[PDB]
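Down below is the structure, laid out as structure tokens.
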Amino acid sequence: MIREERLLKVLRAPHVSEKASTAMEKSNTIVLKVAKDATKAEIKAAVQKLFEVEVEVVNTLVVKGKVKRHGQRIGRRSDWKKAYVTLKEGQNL
Amino acid sequence: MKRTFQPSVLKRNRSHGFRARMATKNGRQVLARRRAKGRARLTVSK
Amino acid sequence: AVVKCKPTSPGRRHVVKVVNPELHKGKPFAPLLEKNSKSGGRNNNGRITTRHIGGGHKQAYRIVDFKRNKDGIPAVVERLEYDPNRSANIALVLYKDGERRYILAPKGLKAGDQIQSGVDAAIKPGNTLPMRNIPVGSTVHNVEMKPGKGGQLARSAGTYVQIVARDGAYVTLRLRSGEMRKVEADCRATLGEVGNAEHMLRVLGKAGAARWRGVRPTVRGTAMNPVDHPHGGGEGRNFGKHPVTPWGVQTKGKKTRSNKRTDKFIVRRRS
RNA sequence: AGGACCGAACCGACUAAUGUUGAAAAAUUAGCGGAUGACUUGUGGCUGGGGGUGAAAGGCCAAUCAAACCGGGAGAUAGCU
RNA sequence: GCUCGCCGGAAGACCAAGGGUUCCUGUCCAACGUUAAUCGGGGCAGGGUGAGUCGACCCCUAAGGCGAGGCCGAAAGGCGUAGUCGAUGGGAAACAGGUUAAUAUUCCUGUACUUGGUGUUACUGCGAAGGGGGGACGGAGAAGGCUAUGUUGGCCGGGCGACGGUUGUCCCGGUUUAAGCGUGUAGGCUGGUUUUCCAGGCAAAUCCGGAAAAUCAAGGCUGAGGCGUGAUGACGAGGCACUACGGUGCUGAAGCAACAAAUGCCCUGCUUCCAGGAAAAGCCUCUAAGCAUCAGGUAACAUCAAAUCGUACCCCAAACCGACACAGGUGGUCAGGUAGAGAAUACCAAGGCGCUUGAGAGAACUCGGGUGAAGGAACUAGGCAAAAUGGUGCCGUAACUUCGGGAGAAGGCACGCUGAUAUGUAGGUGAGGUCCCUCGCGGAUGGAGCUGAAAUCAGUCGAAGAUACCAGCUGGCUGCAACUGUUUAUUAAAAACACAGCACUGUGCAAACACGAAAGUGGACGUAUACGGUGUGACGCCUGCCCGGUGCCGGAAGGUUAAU
Ligand SMILES: [Mg+2]
Ligand SMILES: [Mg+2]
Ligand SMILES: [Mg+2]
Ligand SMILES: [Mg+2]
Ligand SMILES: [Mg+2]
Ligand SMILES: [Mg+2]
Ligand SMILES: [Mg+2]
Ligand SMILES: [Mg+2]
Ligand SMILES: [Mg+2]
Ligand SMILES: [Mg+2]
Ligand SMILES: [Mg+2]
Ligand SMILES: [Mg+2]
Ligand SMILES: [Mg+2]
Ligand SMILES: [Mg+2]
Ligand SMILES: [Mg+2]
Ligand SMILES: [Mg+2]
Ligand SMILES: [Mg+2]
Ligand SMILES: [Mg+2]
Ligand SMILES: [Mg+2]
Ligand SMILES: [Mg+2]
Ligand SMILES: [Mg+2]
Ligand SMILES: [Mg+2]
Ligand SMILES: [Mg+2]
Ligand SMILES: [Mg+2]
Ligand SMILES: [Mg+2]
Ligand SMILES: [Mg+2]
Ligand SMILES: [Mg+2]
Ligand SMILES: [Mg+2]
Ligand SMILES: [Mg+2]
Ligand SMILES: [Mg+2]
Ligand SMILES: [Mg+2]
Ligand SMILES: [Mg+2]
Ligand SMILES: [Mg+2]
Ligand SMILES: [Mg+2]
Ligand SMILES: [Mg+2]
Ligand SMILES: [Mg+2]
Ligand SMILES: [Mg+2]
Ligand SMILES: [Mg+2]
Ligand SMILES: [Mg+2]
Ligand SMILES: [Mg+2]
Ligand SMILES: [Mg+2]
Ligand SMILES: [Mg+2]
Ligand SMILES: [Mg+2]
Ligand SMILES: [Mg+2]
Ligand SMILES: [Mg+2]
Ligand SMILES: [Mg+2]
Ligand SMILES: [Mg+2]
């Protein structure tokens, strides 16, 4: 499920928002941006080694990047992958 | 009333798609001409 | 039995139908069925090559034994069935060794009767053997044109062939067309007539009925415009053509047989 | 039982008014015909231009088809305006 | 915020297709919005789409596509074998509740299920690209059992009324609970078990098929719903606290019965007909090559795994197709109350809306409606348009007829409400009780309660009882086409096309014919009771004469006659 070079590249950033803050208070779940091609297993291992906490389950979705016009031309933001990573009850960080 | 364009992505891609152009000598010439013209979109794609 | 319908509606008044209570109700013998793909009369170019074909009921194909060469092993008729693929009926026969087959149902044949094929089978309706061993004068059906190739002649309901002569390695047959034809005597034939002669007494009674059978409308040439058919248009009803095919060939009277390769088996043409 | 009867959905399109720089490049309202059948409809497939398809009207083949559309021969030719 | 009005088999809700951020929140208003705009599907920023069991992918095939070699073709290419793709069809498994500003069968709570790997343990013949089974199949119709759902009663909470009455036979509301698990019911199909033998199932078979004995009468398979459990729970009017007045918290009564009842389910059934109604895999079983103390198979418990992509929002439309925030077009699903045959229609519920210029005025004329003295087709090409008819039941109904029809011919009578028969009837449903029982979801008996049309008699209100919406005008002579159908999408629906029926004519199967320089294919897995072409056009009574012309069929002697 892992090789350390890959695990280090798989988690990109914390994602911040009311939904993500609540998901932590209410459900001990942390919300992340992960590599696009990341799999739930990679995400789980990665979180477990690097942030050194135990993982219950990982859920993931893919966000479509918004388009923005510009007179006659469009620009397009990038799709990315969101990960809802639930920590085990004995909460950490 | 009912108009002539009734969409279907599946049928769009099967008639006009990249792979359909590539399947015949003449469709591959459609792509050649388009590339020579320097078109941004060779075919309607994803 | 052929039965007239009462005129409880105009499309029923003229219906006359062939109803045969000897025929199995419900489903055929599954192991002898194949798929049957409708064509609309179009060929492998997608073009209509034979007109007027289309729609009509779905049909499974029954595997009929035209060769009848399970020699020596007797068999009994279990039941007669309806076959949508042909005007004749068929019999489900059971061989002594457990095998089942379908055969064309000859006239008179019925559940219980015993059939058999081979160079020595009894001369009896439903039995098959090379015509060199069927007495001249007899009446046969499902006749082979080449040895072991399978029956091709006189299969349609009510049809039959008569062996009028045998000489050398060939028999001479009076086909149902009236034609006198030579076929080599090792060809197989089945004693009897094909069953269901009352077939030709049906009256469809309405247009829908021909549609159920996959026959689409014929449009008369004279009812078209010149560009479409040599039979042209006119101005009111007009004709004045010599009558032709849509393709400009003389319909009515022009012979179109042209096969020097087989001329020599034809003793006398139909009249 | 029935290409049966009356009648919504569904399919059609006989009459009239309106509209005609329209609400609409063919409709709306009131009525009308078929409605278990040769019915109707979704998805996908096949047939290609002197060619298709046509229960046949020269109908239909992407809003003008007695020969589609696009590109080319191409600045066709025009004793005409 | 209070009222008013509109839709309500939709103008509500939910899918698919198609779109693609239009979704939620903040902020802004130039342009877009047919007006203003603080508002918006507009600008800007930020947020938002969470799955083993919902879909895709995946396994399987249909039409059809592609196609190693191959057949064919000046080249390009056409066709096609093995194969390989291709859903609109087949194939494992999840439900109720709670939650966000915005997702949820995806998060949470509760309760489940499926198929694989690994281990342990007991038992064991395992093995496929093959055999066999199964999957697996039409139309119509009948009607019994059910559920969804509703109605009333009961139960529980609350109410005592802005104006006469309202502690009662009164008013309002609620009375909801899934998958899974257990039970095997109404009902559907079918005899069961053993042994022996065999020209079939490409070899093999313990399986299928066939044959022969023996033996028991009950065996097995399928199966809605109910009941139980799930549920010690969830949901639940309301209550009590707080509140930034948007909310949040805690708590929480009854939660039953009878009757009615689908177009949903039993039902892939049953009955019946002719037009005779996919494939392949998953699945069950059989063996072959093999493997034999291994492997593998079956089971229980344990343990691991179930990736990836979609998931926001619009969806009969302001977000899709229509250049528009366009009266058009767009497949599927759901089906509450009263009246009603109804999915028609009217009024309502849930839910959604008043259609993005308004204010006045109350001329002609135009559009769309209502009423109309006397007359009543005098209008006009023409009753064009209007007006009229319009339900149910019973009585009654001509010529003609192919005996079905014509026929709803025509015409007539009844029709509300109240009481009696009967404080609710015929019928439908069915409890307690009693008794039997191969004891159950059983049978008999019993008739309580519930529900309930229709008739007659008597009475009674109005001008009017099928009172609204809804809902045939009828009859006589005659041309044409038998009929139902089809057609000029967009000025013609007809007498035109088709049609069953009839005739002529070709066609012996490598058929004629047709698409193709060909290969290949349709005809047809058909075979003269068949297939093609042509004309006629139900049926009835019938279909006469002409072969000179033109067309076609047959002929061999003579003349003429090509390349050579
Ligand atoms: Mg996901
Ligand atoms: Mg014409
Ligand atoms: Mg000629
Ligand atoms: Mg009808
Ligand atoms: Mg209309
Ligand atoms: Mg009707
Ligand atoms: Mg299509
Ligand atoms: Mg030139
Ligand atoms: Mg010029
Ligand atoms: Mg935008
Ligand atoms: Mg918004
Ligand atoms: Mg403005
Ligand atoms: Mg916006
Ligand atoms: Mg989860
Ligand atoms: Mg090919
Ligand atoms: Mg090749
Ligand atoms: Mg495949
Ligand atoms: Mg599919
Ligand atoms: Mg939402
Ligand atoms: Mg194991
Ligand atoms: Mg099989
Ligand atoms: Mg059946
Ligand atoms: Mg119920
Ligand atoms: Mg008072
Ligand atoms: Mg039973
Ligand atoms: Mg509460
Ligand atoms: Mg949604
Ligand atoms: Mg919707
Ligand atoms: Mg519609
Ligand atoms: Mg508007
Ligand atoms: Mg619109
Ligand atoms: Mg309505
Ligand atoms: Mg008057
Ligand atoms: Mg008057
Ligand atoms: Mg009068
Ligand atoms: Mg006059
Ligand atoms: Mg006058
Ligand atoms: Mg009129
Ligand atoms: Mg009127
Ligand atoms: Mg009275
Ligand atoms: Mg006249
Ligand atoms: Mg007619
Ligand atoms: Mg027209
Ligand atoms: Mg018209
Ligand atoms: Mg005619
Ligand atoms: Mg004559
Ligand atoms: Mg001649």
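Chain A is the first sequence line, chain B the second, and so forth, proteins listed ahead of strands; every chain is numbered from 1.
- Within residues 5-33 of chain B, the residues having any heavy atom closer than 4.0 Å to RNA chain E are, in order of number, B:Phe5, B:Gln6, B:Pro7, B:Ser8, B:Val9, B:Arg14, B:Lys25.
- Evaluation of atom-type donor-acceptor distances gives a pair under 3.5 Å for the side chain of C:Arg211 against the base of D:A38.
- Taken as a pair, E:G393 and E:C413 qualify: Watson-Crick (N1-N3 plus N6-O4 or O6-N4) or G-U wobble (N1-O2 and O6-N3), both under 3.5 Å.
- For C:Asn44 against E:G522, no side-chain N or O and base N or O form a donor-acceptor pair under 3.5 Å.
- Nucleotide E:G383 is matched to nothing when pairs are restricted to Watson-Crick or G-U wobble geometry with both distances under 3.5 angstrom.
- If you check E:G97 against E:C108, you find a Watson-Crick or G-U wobble pair, both contacts below 3.5 Å.
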Polar pairs (N or O, both sides) under 3.5 Å between protein and nucleotides 304-315 of chain E?
| unit_1 | atom_1 | unit_2 | atom_2 | d |
| --- | --- | --- | --- | --- |
| E:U308 | OP1 | A:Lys40 | N | 2.8 |
| E:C309 | OP1 | A:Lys81 | NZ | 2.7 |
| E:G310 | OP1 | A:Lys64 | NZ | 3.3 |
| E:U311 | OP2 | A:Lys64 | NZ | 3.1 |

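- Residues E:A378 and E:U175 show neither Watson-Crick nor G-U wobble pairing with both defining distances under 3.5 Å.
- Within a 6.0 Å radius of NZ in A:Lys68, other residues, nucleotides and ligands contribute more than 12 heavy atoms.
- Nucleotide E:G119 has E:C301 as its partner under the Watson-Crick or G-U criteria, with both atom distances under 3.5 Å.
- The base of E:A510 sits within donor-acceptor range of the side chain of C:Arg261, with an N or O pair under 3.5 Å.
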Could you give me the CA-CA distance, side-chain angles and deciding distance for C:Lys110 and C:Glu22, then say whether salt bridge (charged side-chain N to carboxylate O under 4.0 Å, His left out) is met? CA-CA 8 Å; C:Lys110 38 154 181 196; C:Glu22 228 184 337; over 6 Å; no
I'd like a table of atom pairs between the protein and nucleotides 47-50 of chain D - only N or O on both sides, under 3.5 Å - with the distance next to each one.
| unit_1 | atom_1 | unit_2 | atom_2 | d |
| --- | --- | --- | --- | --- |
| D:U47 | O4' | C:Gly46 | O | 3.4 |
| D:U47 | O3' | C:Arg47 | NE | 3.4 |
| D:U47 | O2' | C:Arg47 | NE | 3.4 |
| D:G48 | OP1 | C:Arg47 | NE | 3.3 |
| D:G48 | OP1 | C:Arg47 | NH2 | 2.9 |

Under-3.5 Å N/O pairs linking protein and nucleotides 550-556 of chain E:
| unit_1 | atom_1 | unit_2 | atom_2 | d |
| --- | --- | --- | --- | --- |
| E:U550 | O2' | C:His242 | NE2 | 3.3 |
| E:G551 | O4' | C:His242 | NE2 | 3.1 |
| E:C553 | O3' | C:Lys255 | NZ | 2.9 |
| E:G554 | OP1 | C:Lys255 | NZ | 2.8 |

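- In this model, a side-chain donor or acceptor of C:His14 finds a partner on the base of E:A538 within 3.5 Å.
- Scanning atom types as modelled, one donor and one acceptor separated by under 3.5 angstrom connect the side chain of C:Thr50 and the base of E:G522.
- Not a single donor-acceptor pair, N or O on each side, falls under 3.5 Å between the base of E:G523 and the side chain of C:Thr49.
- A donor and an acceptor atom never sit less than 3.5 Å apart when one is taken from the side chain of C:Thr245 and the other from the base of E:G533.
- A straight line from CE of B:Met1 to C1' of E:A327 spans 15 Å, rounded to a whole angstrom.
- Here E:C58 does not sit opposite E:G432 as a base pair, Watson-Crick or G-U wobble, with both distances under 3.5 Å.
- Of the residues in residues 13-25 of chain A, none has a non-hydrogen atom less than 4.0 angstrom from any atom of RNA chain D.
- Looking at C:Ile266 and C:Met180, their side chains never come closer than 4.5 Å, going by heavy atoms from C-beta outward.
- A donor-acceptor contact under 3.5 Å links the side chain of C:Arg13 to the base of E:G404.
- Separating the P atom of E:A295 from that of E:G117 is a span of 15 Å, rounded to the nearest Å.
- Judged by distance alone, with hydrogens and angles left aside, A:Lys66 brings a side-chain donor or acceptor within reach of the base of E:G47, the pair sitting under 3.5 Å.
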Pairs under 3.5 angstrom, nitrogen or oxygen only, protein versus nucleotides 108-110 of chain E, please.
none

